[PDB]
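One-letter residues, chain by chain:
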Amino acid sequence: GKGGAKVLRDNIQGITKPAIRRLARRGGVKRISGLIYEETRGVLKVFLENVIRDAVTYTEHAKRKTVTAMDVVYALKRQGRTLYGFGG
Amino acid sequence: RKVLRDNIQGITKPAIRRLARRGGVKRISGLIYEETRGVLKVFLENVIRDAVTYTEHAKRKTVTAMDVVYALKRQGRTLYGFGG
Amino acid sequence: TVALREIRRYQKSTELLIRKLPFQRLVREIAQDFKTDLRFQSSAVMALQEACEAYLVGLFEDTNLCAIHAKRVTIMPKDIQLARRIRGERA
Amino acid sequence: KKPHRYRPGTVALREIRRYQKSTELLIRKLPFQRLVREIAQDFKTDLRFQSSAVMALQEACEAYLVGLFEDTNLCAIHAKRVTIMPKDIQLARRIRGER
Amino acid sequence: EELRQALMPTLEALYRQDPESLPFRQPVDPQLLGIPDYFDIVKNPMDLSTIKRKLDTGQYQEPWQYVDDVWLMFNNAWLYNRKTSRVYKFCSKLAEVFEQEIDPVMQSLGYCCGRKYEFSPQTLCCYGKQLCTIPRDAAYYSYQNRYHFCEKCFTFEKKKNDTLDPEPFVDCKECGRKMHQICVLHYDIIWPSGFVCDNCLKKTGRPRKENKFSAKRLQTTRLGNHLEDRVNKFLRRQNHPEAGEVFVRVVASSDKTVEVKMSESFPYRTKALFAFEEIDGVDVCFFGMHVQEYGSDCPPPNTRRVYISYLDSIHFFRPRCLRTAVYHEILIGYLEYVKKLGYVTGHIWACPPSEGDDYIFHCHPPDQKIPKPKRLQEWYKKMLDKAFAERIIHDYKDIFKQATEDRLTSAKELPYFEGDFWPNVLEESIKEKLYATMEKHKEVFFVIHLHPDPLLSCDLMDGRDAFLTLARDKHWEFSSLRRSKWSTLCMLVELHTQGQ
Amino acid sequence: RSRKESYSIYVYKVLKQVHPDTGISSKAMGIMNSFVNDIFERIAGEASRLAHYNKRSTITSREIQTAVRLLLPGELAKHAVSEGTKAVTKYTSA
Amino acid sequence: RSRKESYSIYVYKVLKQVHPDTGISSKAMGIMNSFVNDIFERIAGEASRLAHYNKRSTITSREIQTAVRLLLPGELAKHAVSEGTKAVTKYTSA
Amino acid sequence: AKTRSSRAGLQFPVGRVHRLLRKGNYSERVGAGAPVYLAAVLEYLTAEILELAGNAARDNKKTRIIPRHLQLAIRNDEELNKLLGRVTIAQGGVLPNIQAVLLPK
Amino acid sequence: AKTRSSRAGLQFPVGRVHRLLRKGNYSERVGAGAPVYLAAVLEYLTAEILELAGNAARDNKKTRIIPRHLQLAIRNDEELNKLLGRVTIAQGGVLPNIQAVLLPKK
DNA sequence: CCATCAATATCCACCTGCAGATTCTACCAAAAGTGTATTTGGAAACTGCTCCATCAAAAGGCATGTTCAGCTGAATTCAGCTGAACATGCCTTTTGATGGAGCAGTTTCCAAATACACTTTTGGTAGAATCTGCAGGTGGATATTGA
DNA sequence: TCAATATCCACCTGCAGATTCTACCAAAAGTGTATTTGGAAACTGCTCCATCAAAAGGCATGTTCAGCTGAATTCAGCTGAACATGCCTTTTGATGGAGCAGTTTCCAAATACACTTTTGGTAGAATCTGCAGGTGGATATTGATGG
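Rules used in this analysis
- Residues numbered from 1 in each chain as written, not as in the entry; some residues may be left out.
- Chains lettered and ligands numbered in written order.
- Heavy atoms only, no water.
- Residues with missing side-chain atoms left out of burial classes, pairs and counts.
- Near = heavy atom within 4 Å.
- Polar contact = N/O pair within 3.5 Å; in protein donor to acceptor, adjacent residues only side chain to side chain.
- Helix = DSSP H or I, 4+ residues; strand = E, 2+ residues; numbered from the N terminus.
- Buried < 20%, exposed > 50% of the residue type's maximum accessible area, 1.4 Å probe, protein only.
- Arc of directions from axis to C-beta.
- Contact = heavy atoms within 4.5 Å.
- Pairing = 2+ DSSP bridges.
- Disulfide = S-S within 2.5 Å.
- Buried area = accessible area lost by both parts, 1.4 Å probe.
- Salt bridge = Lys/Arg side-chain N within 4 Å of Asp/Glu carboxyl O.
- Nonpolar A, V, L, I, M, F, W, Y, C, P; charged D, E, K, R; others polar.
- Axes fitted to C-alpha atoms, helices over the stretch in contact; angles between N-to-C directions.
- Parallel < 35°, antiparallel > 145°, perpendicular 65-115°, else oblique.
- Left-handed = near helix turned anticlockwise from the far one by under 90°.

This entry, as listed in the PDB, derives from cryo-EM and reports a resolution of 4.2 Å.

Comments concerning the protein's contact with DNA strand K
Residues in close proximity to DNA strand K total 77 residues, the closest being A:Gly34, C:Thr1, D:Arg5, F:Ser26 and I:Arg22. Among the atoms of DNA strand K close to the protein, meaning within 4 Å, 95% are from sugar or phosphate groups. Contacts to DNA strand K include A:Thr66, whose backbone N or O atom sits 2.9 Å from a phosphate oxygen. One of the side-chain N or O atoms of F:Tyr12 is found 2.8 Å from a phosphate oxygen in DNA strand K. Per element, the largest residue contribution to the surface near DNA strand K is five residues, and it comes from helix α1 (residues 10-21) of chain D.

Quick word on helix α1 (residues 8-18) of chain G
An α-helical turn contains 3.6 residues, so a residue and the one three or four places further along point in the same direction. Residues G:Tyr10, G:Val11, G:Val14 and G:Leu15 constitute the buried set of α1(G). Along α1(G), the residues classed as buried sweep out an arc of 140 degrees about the axis, all on the same side. Buried residues belonging to α1(G) abut β1 (23-24) and α2 (26-53) of chain G together with α2 (14-23), α3 (33-59) and β2 (64-65) of chain I.

Some remarks on the pairing of strand β10 (residues 282-294) of chain E
Residues and elements named next belong to chain E. Among the 13 residues of β10, twelve are classified as buried, and the element is accordingly described as predominantly covered. Pairing geometry for strand β9 (residues 265-279) and β10, over eleven bridges, is antiparallel. Bridging across to β10, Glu-278 finds its partner in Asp-283. In textbook terms, the turn of a hairpin is the stretch between consecutive antiparallel strands, and for β9 and β10 this stretch comprises two residues, one of which, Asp-280, has a positive phi near 55 degrees. Sheet analysis places β10 next to strand β11 (residues 305-313), joined by eight bridges and oriented antiparallel.

A few points about the state of the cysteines
Residues and elements named next belong to chain E. Applying the stated rule across the entire model yields zero disulfides over all chains. In this model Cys-458 remains outside any disulfide bridge; the closest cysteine sulfur is found in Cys-285, 13 Å from its own. On the basis of relative accessibility, which here comes to 10%, the residue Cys-458 falls in the buried class.

Examining the interface of chain H and chain F
On the chain F side, the residues contacting the 50 residues of chain H number 55 residues. Carbon and sulfur atoms supply 73% of the area buried between chain H and chain F, which totals about 4800 Å² over both sides. Sorting the residues of chain H by area buried against chain F places H:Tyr26, H:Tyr37 and H:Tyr44 first, and these three jointly supply 17% of that buried surface. Counting every contact that joins chain H to chain F gives two salt bridges. A salt bridge links F:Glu5 to H:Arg16; its shortest N-O distance comes to 2.9 Å. At the boundary of chain H with chain F, the tally comes to 15 residue pairs in polar contact. When residues in the side of chain H that touches chain F are grouped by element, the largest group, 18 residues, is from helix α3 (residues 33-59) of chain H. Its residues assigned to classes, the side of chain H that touches chain F comprises 31 nonpolar, nine polar and ten charged.

Considering the sheet that holds strand β13 (residues 395-398) of chain E
The strands that make up a sheet pair up through hydrogen bonds in the backbone, lying either parallel or antiparallel. Residues and elements named next belong to chain E. The seven strands are arranged β8-β9-β10-β11-β12-β14-β13 in an open sheet whose pairing can be described as mixed. Edge strands, defined here as strands with exactly one partner in the open sheet, are β8 (246-259) and β13. Neighbouring strand axes in the sheet, compared pairwise and without regard to direction, differ in orientation by 20 degrees on average. Inspection of the sheet shows β13 paired to strand β14 (residues 445-449) by four bridges, in the antiparallel sense. The residue of β14 that forms the bridge with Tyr-396 is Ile-448.

Re the packing of helix α5 (residues 63-80) of chain E against helix α6 (residues 86-109) of chain E
All names here are of chain E. Between α5 and α6, whose axes approach to 10 Å, the crossing angle comes to 170 degrees. Between α5 and α6, the interaxial angle falls into the category roughly antiparallel. In the crossing of α5 with α6, the sense of the turn from one axis to the other is left-handed. Listed contacts from α6 to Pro-63, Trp-64, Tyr-66, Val-67, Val-70, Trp-71, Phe-74, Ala-77 and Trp-78 of α5 are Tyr-88, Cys-91, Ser-92, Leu-94, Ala-95, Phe-98, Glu-99, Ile-102, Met-106 and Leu-109. Its residues placed into classes, the contact of α5 with α6 shows 17 nonpolar, one polar and one charged.

With respect to the packing of helix α4 (residues 74-93) of chain F against α3(H)
Contact geometry of α4(F) with α3(H) gives a least axis separation of 8 Å together with a crossing angle of 135 degrees. The angle between the axes of α4(F) and α3(H) places the two elements in the oblique class. For the pair α4(F) and α3(H), the sense of crossing is right-handed. Residue-level inspection shows F:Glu75, F:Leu76, F:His79, F:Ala80, F:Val81, F:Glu83, F:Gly84, F:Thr85, F:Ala87, F:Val88 and F:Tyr91 of α4(F) in contact with α3(H), the latter providing H:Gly33, H:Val36, H:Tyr37, H:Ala40, H:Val41 and H:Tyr44.

Here you go:
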């Protein structure tokens, strides 16, 4: 045992290659180059850089230690990517 | 008030060529000019119509630069130097 | 050679590139199509002209990038169409 | 000897049709959650996340990736090509104004 | 200073793991971690900091003590922590790091390797009942670590089956260094003059004496010669640089009879063969399988029939890509040989092994996959298709399709083989729908239509049971490449010196 | 257990008005609520900007009509303008 | 004539502080005014929206600092936050 | 006696729209007919989108409106697509569209 | 007799900014340090853009800031370009930028 | 491949005159700051409470790794040809001056929207019971593909 | 034409989610006075916008041809389709507790005036000047002649 409670890594490579393949297939991509994955992961990290920063700032102002879905959707709508279904 | 028509031809071929050169374009095909005129007409439909509606909302009969600036801003085309 | 010459010349300068009278006539015609008996200010006409020049410059630079993306230096209608579609102006 | 094999592309089109006809999430939940938590820690430590927030991030990221891949496919088609390369991604992002 | 400077890099590599090494950087504190039962299970608690203190103090006379201490810490961490716990994964990662780091430095010191190897938890057998085994984590009674009895047989020191047997060690006659016997591949019978280190022989000039107990020097047979020739031809046409010479030898061949549980008894000839490959300059056994052959004099329906009773293989063949092709080549060569001899029908029982059960080679590697029945059927179908491509196999079907094509109506027409599942099914039916059983196991059994070796007396290999018993008793495991090499050397020595 | 504001009942009544025999899932219901809230925010913001442009401190039906004309597409804008005019006339005559 | 306020004097003083020997044209001053008005509108809108988000009817320096961090990227945001905090501390110290 | 929504003949809550406008800090004062107009516009848009979603569900052989039907209805209408061009959906998917060059032969 | 703008050590008008915030109907109440923070941020941004315009003018041997120099200066700064990515300045032009492909390919 | 007579757009060395930016005096309604009583949005203090993290285990849907080749991406020629560069002609675009259509400044006051005290209605919603559309597995007729 | 294979579709069954009541209860909605103020309407001075005169800096056509481009060709190799292997994510179930938010108390801060203080376009007067061309070089620079 010796448990009861819980490194800053294993984040960018967490997105699997078949996940990127499925995302491309949903977008109508028929042929995928073998080296698309790394820059796709980089662009994804850029998007998270843009979104989670605003979400974290909103949470910090609210004197809260937990990020809520309202903050996430609100950062999404302030960035021009308004999302529906998480406004409850 | 004379009814103006066929004023889209006022955007001359050298004007479109110069605009392409300003954008770094080196070669222009023969049919680019008409498409560019159509795109400009679409942009005018998007902007001037909003400006006209803004002017009508203010009960005014003259279009002002402030209405144009607000219409451009609401369409994500904010412009400086004309107020607002 | 020469084409690059006027490219550099127009990139250096900032003067208005579309003639004033034809643009004013086109704006008057399209507004009359929207609504007749509509007076125009000179500042409003200048604002329309400058906004249109900026939009056309942006469209042209995006079109050139699309054209060189297809290993070409001459822009095609597909370049403008796809640039506008990616910009969200079409789809 | 002679194994049955579809011509390349057919199964790709089948997968495209299947993923377009369905709306389920494609990215695995746990690695995406780990990435989100790591980025949040890069911002500020001790920041908890709700399950609804993680689902919202996943949905938004999947939608953005789908749109980017559609633009990338259009850019690849523009050059008489059917394969996606980084130049298409860069062109699409530059036109979108993100770069 | 020499020992400290030699052993510091591996210990530092163990420390630098993050966060694998974090729980092991300090002594385990039951009070701090809330684990009062830690001392009840681990009787010798110690950690990496203790290792560093001993190295700095020079408490190690020779590095094998350090290796034993590190592996004891690994074993204690594995035992106390559950397999799903993160501490178990951290300990496993540290063990892998130690294994890949100690070997170069430990060799540069002048030894074989820096690993403390413990044998697999082998299940003990019984002397009285002769058919009872002691499962793991079960109490038993042992006498002199040589005789074993279970709980039921009691109605002798009491022990538990959760212990491990350490690997043997050898000491150099001249240098005096201690090293693993398996890693150096030294046997007393092969070299009666003792064990001499490689460096010591380098100071002598004369290399190690040639081993006469090799697979190449085994007695040759026409079937084995044909199989080895086919395998060598396939390897040559592939021309794989990593591929080595393969020797196929028949080490056991005799005549037996099967008794019905219709002729009272059916005579047959049994033969056993193995495949050995040259890896790293030594022979490694990678394939073995048993056949039963009924000739023209056998009463029907077994007349002119070959049956594959057991089939085993080792996944250490090099290259791995050609392993399946080599197995196919061996089996197709056997089928061609039996077809040339005049046999008509062949039978294959494609039944995957159960977990913990060994057909021929004891202690299969943990990473060796036990194929599912569907995968085994697909493999056999691919092999039969390949054989058919070479106009060798006339046809191949399943037992149910063959039976319904032959319009069989009586159980006496069914083939009878030793230890075969179908005689057991028939006996169960008699004691207590045959076509239903045939259809249920339709894909399991394969029936193949195809259209002078002297008897070798070998009591050791006369059946898989004695071979497995000797392998279990002598700890001849196949869980690793070095263990497989040691097992192959030992079996070759046993066959050469204990032949009849 | 704070009072959570929503347009659930009214949107369900509208659905019954258009599709009496068709239901709506909770996820789609939240989609509709979020969409209506977003449109409300857009119209209110545009009306506020219109009021600020003319130095007006009060927002009337004309401001919202102009906001709808600016935001909604042509046919949708015309239909919404007609519906709003009918609603205002009915409320005045009530 | 109705007075039309502008940041002309303040922008001119800032320019003189930064570049004493550099002048400014009327078009450049108009661009200055448009830019400062747009920045003020954006930051005020962000602050108002954020105050609405947390059910807060009062906008303080914390809301504006958060909105500055949201809007300005990186170094601009850090310097703006530092100078705003310094100015607030100076104001509250008197 | 009669609610403002019932008086104006609209299902959407007029008084609630007025309250939200007042609390939204949009303007110092709000006109009487402004909540009525806004509620009418919102109800018209909701009715149109719900009708389109029901038509899509009928075309999809389903009697319950799902986000897939909603997104199909939104994208199948050019005006609705233009209005919601910057709106992300949850569990909505994309239109079936295969590029001409990707098509065989 | 000390103004709030001078009290906070800022050149931008604190009172004018506070009055504009009140007039914009952004919120019911505005904090006291809110106009001060607004003035500080606006003054910082104005000083940054003005110094960039001055550097651009100096690079072109000019003593008066023109919209061209300002547009070039802000487009040069990646942070300023991101801030004003959807902003057009009249009479500002574009950055001189020619692709290597557009150059002669001798 | 390239060293270089010769026609050409333009950086700079320059400078002068003018529209534009800068300097000074005055005025005053528009803000701006200070003073005081009032109201309140929000800080702290404690706690009830809901979902956030963490731990355990099986196992099957894919993540991972390997192989063959179909054909896709990439490189090379070349010829029909669309456009670039340029001389020629002329005319349309640009600038300035001049009547009045509406843009704003002033005053009344009336329909219109706050402020607020109740009263009644009405939307979440605690909680249990019955209805119901499609999640999921089965089976076989039906396109779809490749040789 | 045919065999291998994914698809459509009808059908049957278990269940979390959508739908129907019972009773509640606080949050608004509406109604009836009192007050105030946004602005419709009438009248009117002041812009500046449309219209028209001439002067000029360009635009519209046709010609010639070096070069952009798309069809045709060929081929190295890239990833798609198939298959073996096995990995680890999901769901189910539970739990210690960090953390969210309701409730109460109460205070520094925001607010509504009133008065006094400063003050920034604003209008007119007069001074200063940055640079837009233009004139005389003149300088890379590139198409072209030729070594």
